[PDB]
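Order of the sequence lines fixes the chain letters, A, B, ..., with proteins taken first and strands second; residue numbering starts at 1 for each chain. Every heavy atom of this structure was used, including side-chain atoms; hydrogens, water molecules and symmetry mates were not.
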Amino acid sequence: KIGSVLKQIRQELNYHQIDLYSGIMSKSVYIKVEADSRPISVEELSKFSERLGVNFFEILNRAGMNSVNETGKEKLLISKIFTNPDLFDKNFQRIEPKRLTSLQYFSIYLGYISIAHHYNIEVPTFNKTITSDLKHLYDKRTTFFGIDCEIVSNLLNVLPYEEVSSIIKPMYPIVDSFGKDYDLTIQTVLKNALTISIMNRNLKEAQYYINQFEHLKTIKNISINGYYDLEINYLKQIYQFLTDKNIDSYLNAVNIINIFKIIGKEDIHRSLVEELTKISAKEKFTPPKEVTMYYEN
Amino acid sequence: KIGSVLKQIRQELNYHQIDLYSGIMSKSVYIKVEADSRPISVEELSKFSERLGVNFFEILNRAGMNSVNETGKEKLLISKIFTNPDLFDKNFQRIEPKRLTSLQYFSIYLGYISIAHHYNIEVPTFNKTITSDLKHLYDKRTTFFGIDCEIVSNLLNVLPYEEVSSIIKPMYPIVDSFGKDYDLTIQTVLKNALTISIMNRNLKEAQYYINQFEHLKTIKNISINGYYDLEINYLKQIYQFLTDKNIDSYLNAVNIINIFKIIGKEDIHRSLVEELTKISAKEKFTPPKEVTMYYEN
Amino acid sequence: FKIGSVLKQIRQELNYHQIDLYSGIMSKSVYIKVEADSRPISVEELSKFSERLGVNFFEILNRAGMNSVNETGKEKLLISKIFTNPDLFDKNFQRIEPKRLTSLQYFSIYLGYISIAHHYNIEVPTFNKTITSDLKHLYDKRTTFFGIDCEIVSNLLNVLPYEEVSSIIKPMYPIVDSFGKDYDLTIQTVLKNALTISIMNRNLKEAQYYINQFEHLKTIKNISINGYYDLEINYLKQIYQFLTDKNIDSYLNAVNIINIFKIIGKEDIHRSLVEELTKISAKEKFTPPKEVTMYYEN
Amino acid sequence: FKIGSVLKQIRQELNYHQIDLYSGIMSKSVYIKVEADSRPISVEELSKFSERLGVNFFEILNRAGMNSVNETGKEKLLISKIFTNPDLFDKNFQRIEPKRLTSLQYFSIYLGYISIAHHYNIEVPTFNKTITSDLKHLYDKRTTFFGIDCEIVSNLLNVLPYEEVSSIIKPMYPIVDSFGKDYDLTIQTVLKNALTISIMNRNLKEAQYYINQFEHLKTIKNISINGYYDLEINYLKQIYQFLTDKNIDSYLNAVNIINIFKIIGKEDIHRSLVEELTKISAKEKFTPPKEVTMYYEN
């Protein structure tokens, strides 16, 4: 695992075992470490990382951090259980019972409900446990983690906005960045929440989500997702159009859609076209020739 | 420092030591961990994280991994020195001699050369030892890591392209994704290399980087940077315009430039506006009124 | 008119001798008097000499001074001067007012004074006291209308509520025959002005009426459609389509047309269309494009 | 020549009595002769009746049939019929060719035949043998020009290399006065046609000269600029800028102007600009927009 990578990197850079442990451990010890016959401490790994000149996280990854365990395998199975709605039937009953085991499982669990709804598969236990499920996990909370934000995105997917809004408010504003993985998760929520708000025409909530996203850009070391920046700005154009039928705003929205096509993000392009169509219809306003043409197909 | 977070998280989620150590370590020892009196091992933290349901890296990041060691501290000093060119000499004298101690230090070293070049400061040893420095670091190399890609971006900024190209080729194509941090770094090289290629009108090289970037989009679990993807596409639009003077390609590029403005990414926008003005001039083309309105100012 | 002298100028410029012009048409002696401008020339004779010279009949007339000459031209000309210097109004208006029904021309000039007065806020009480009676006197028995009638109608849309004029316009359309470029322009001005007012009052059925009348003109043989009018009217049509079924493409087309007027240098028109679209957009609670608002604002 | 009866129709239409017309111009017995078309009318007399009626002089003439009358007019109409019926060529060219120098109108008509001949690839060997001679005979000692002179030029540009006509055009501009809407059109057509050709031959120096000459026309008193030409000449001005320094904005403007012609329904012009833009693009080794390329091929 880790020790093997250390040896791999060490020799690649032409460093001798000595160069690594010299002032950190015994040569006899460092030997067992590279042999993976002895666990290494986070501290130690951090020192070798500095010694090697190769980023810590990368080393962890090269060692297999990118999957590795139960929850991992279980999480991977969802996209698989997706394509095969038969893989559902069996799996669902193995997860449902342990849905409150950990937040990771509750997310995984919600992953099935999403599939279940998609393939109109009946889930009678869902409607009678979700509420109490949510309370047992969020009634007494102060700090929220990436997994919680992952959970919210999922809830917004298989639950009425009003039934989830309660859980989201306590999560924002965010004031600290805890890594790129964490950064992504906290943006996804806002993107999901904003879309829905725009669609329900709940401008008050839309404005708040737009603001929460903007605030994120002010955090130190934050890693904003360009696609999101692009999509959330599209939703902002729509917001301004809904708020006062600004013509430029509508054009900016349309041009942003066109950019997604140009760069090849077809799924998002489709989504945003159907979205603009559905939005314009409600406002009883016909979208330009370009968009109506696209959506027609 | 990890134990506090583990306790904090365990506490927050309402878990007992039992729920964490059971099947792993003795509650006696586990107490020492949450006490941070006993260094924890990667394998242990990984197990705990799964038990907690909170991502391994989010935990390490909350623990403080974001810098800590002398290499990191030296890294942050680079920006402080950019704002105050006065700090150069004194600090450079400390770094320059250590530029080969490790790949991180060499990278840090290149940052100084960049500061130097910007403020037209004299760094006569650089042209005296750079070629020799590269030979020493990359002659016997067979594989590369994030830091090597970072070093390459650095070199591209303070050295003629031709003196860097050979060092770059053996680094691509990338086959695996080793985390979001590493993913971003492998993408930065391609964006800088492609920009310089376009600017020098080296179409053969420009098209190689465009293809290498596209290849990254096929890698499992790869995390593509939205801003880079939009920017490389702009470079691709320029590429097509230089290849067979297409009007739509020029319009697309200009359009993409415009979206960076609309979404608030002003530095990229300024950068692209300047670049298009120079590209246009070399092709005896007058840029759109708007683009020259920004650059000119 | 100096028709004879123009014939001499042209005849000699083309190297023709007097014989080449008068043989078969009039005696040598009489033709000499014609070129000396001491003998009236008949329309047919001029048309004949015109064909001989190979120079267009109308061009010759114009060169002779039909570009103005008589009492009615002097008066219609006087309007421009009085517009800049309204101190002249009063005394001249006292001469015109009484003669406003002498002919359709004088009536047209008369409305020219009313327009001026409405502008510099001058009091013209006689107007409201006689207008309805004048229009009836001029149009109660009519069956066919002429260019000057369409000029009058246009002048009325300028100093009278739309409704008091509309009923007078309808009987003049549709147009069936073209009677020259001057006539063509005049019959077109009415529609453009009428359609502008119709769109401004969101009167959609009236707007379509005029849009239809204008479009029908394009089916007339030898008609001279005014390009500027075709552009402006088409912009009003784009606005009509937006007002009917909030079509964005129609809104863009209109904005794009306003932009064309800017490019080719028609500022006054560009100016008026920007103001127009700004008011149209407000009533519809739509914020016009960045472009338009920058111009209007300034 | 149906003036007298038109005056009668108009007079009665406006409910005027003969007295109102001839009072102070002629006698009752004479004016009667005038309305029955038994006595020709002088230009001065028609101008006077025209003012009494309040109807425009030129409109009265056109209502009287001034739109044709004489043999030259007949030869003019016969051209359109020959363009569609090429089989009518020979017999009519035999009658016209020998009369091509009878007058400037006949020369213009003759040039019309040559155009039709080139279109349907019909042999006209005399043309190439006599053209230089004809031009020399017609323009060697000329000092001032008329509308028919600019028509001939537009005609020449249509059947003669640009260099054999360039020097014949120069002495005709700048125009200084306007001589009626008909004349106004003709003098603009030359510059529009000349510019188009210059742009296609990439003769930027000449193109600039025509762009300037057109602009000068706008400063002329009472001039009637043709909106379509104004829009099309601005288009050429945009292509000019593009050919001079490859200005991207200029190219976009050219494209936009093409869009406008499509928007307002001028399909012939749209098709033409689409085609010229395609050719000018291919020559500059530049691929035109997605919009035009499709419209062109299809």
Verify the neighbour count for atom NZ of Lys217(B): are there more than 12 heavy atoms of other residues, nucleotides or ligands below 6.0 Å?
-> yes
Any side-chain heavy atom of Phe242(D) within less than 4.5 Å of one from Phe285(B)?
-> yes
State whether the number of non-hydrogen atoms from other residues, nucleotides or ligands found under 6.0 Å of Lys221(D) atom NZ is greater than 12.
-> no
Evaluate whether atom OH of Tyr139(D) has more than 12 neighbouring non-hydrogen atoms of other residues, nucleotides or ligands under 6.0 angstrom away.
-> yes
Given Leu252(D), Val255(D), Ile248(D), the one with more heavy-atom pairs under 4.5 angstrom with chain B than any other is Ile248(D)
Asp248(B) side-chain N/O to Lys290(D) backbone N/O, donor-acceptor pair under 3.5 Å | yes
Residue by residue, which of residues 260-278 of chain B have a heavy atom closer than 4.5 Å to a heavy atom belonging to chain D?
-> none
With no hydrogens and no angle check, do the side chains of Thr286(B) and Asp245(D) hold a donor and an acceptor under 3.5 Å apart?
-> yes
What one should report as the nearest heavy-atom pair of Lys246(D) and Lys284(B) is CB-O, 3.7 Å
Proximity breakdown for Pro288(D) and chain B, heavy-atom pairs closer than 4.5 Å = backbone
Could you name the residues of residues 185-205 of chain B that have a heavy atom within less than 4.5 Å of a heavy atom in chain D?
-> none
